[PDB]
Amino acid sequence: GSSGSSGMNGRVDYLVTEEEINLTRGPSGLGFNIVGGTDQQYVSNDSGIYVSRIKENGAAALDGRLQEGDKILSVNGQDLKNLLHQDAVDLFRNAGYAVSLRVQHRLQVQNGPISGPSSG
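Residues numbered from 1 in each chain as written, not as in the entry; some residues may be left out. Heavy atoms only, no water.

Method information in the entry identifies solution NMR as the source of the structure.

Convention followed: UniProt positions are given in the numbering used here, feature names are shortened, and annotations may be inferred rather than shown by experiment.
The chain is annotated in the PDB entry as Synaptojanin-2-binding protein from Homo sapiens. According to the record, the entry carries the title "Solution structure of the PDZ domain from human Synaptojanin 2 binding protein". In its Function section, the UniProt entry covering the chain states "Regulates endocytosis of activin type 2 receptor kinases through the Ral/RALBP1-dependent pathway and may be involved in suppression of activin-induced signal transduction." The record in UniProt for the chain states the following under Subcellular location: "Mitochondrion outer membrane".

Written out as C-alpha cells, the structure is:
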C-alpha cells in the first residue's frame, strides 16, 4: 500500500502550540469577530472557528492574549466542529462570565540561514 501528498509544491513548516485563552464576558459578550460554519467555512480545507478582526477597546484587546488569526479549537472544553456559523456564535454566548477559548498558535518558522557574524 503506497501513499503520497499530491499537493502544491512549497514549504509549510510552522510550529503549532495549544493554549487556553480565558477572557471575561463584557457588558454584552465579547469584543472580537469570528469566522466559522460548515457553510461559512473560512476555508475549503478548514471548517473550524477563527478570528477575523478584534475590537480596539474590547476584552480581546485589553487582555492582549487573544490575537487575530487564531483558531478557536474548543470553547470551555466543547470541541467546535460539524457546526454552523450560528452554532459557534451561540456557544460563545452560553459561555458566561468566564469564557475559555482553546486556540492554536501557528506561525511560519523562518526556515533559512541569516547573513550575520559567526553564529555561536
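### As for helix α2 (residues 85-95)
To be explicit about the condition: Type-normalised accessible area, obtained with a 1.4 Å probe on protein chains alone, sets the label of each residue: buried when under 20%, exposed when over 50%, and partly exposed for intermediate values. Here a helix means four or more residues in a row that DSSP labels H or I, a strand means two or more in a row labelled E, and each is numbered from the N terminus. The arc in question is formed by the directions pointing from the helix axis toward the C-beta atoms. For this analysis, residues touch if any pair of their heavy atoms sits within 4.5 Å.
Of all the residues in α2, the buried ones are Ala 88, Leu 91 and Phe 92. Viewed end-on, α2 has its buried residues packed into an arc of 105°, placing them on one side of the element. In α2, those exposed residues whose orientation departs by more than 90 degrees from the buried face are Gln 86, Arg 93 and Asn 94. Tucked inside the fold, the buried residues of α2 contact β2 (32-35), β3 (49-54), β4 (71-75), β5 (78-79) and β6 (98-108). At the exit of α2 stands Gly 96, carrying a positive phi of roughly 115°.

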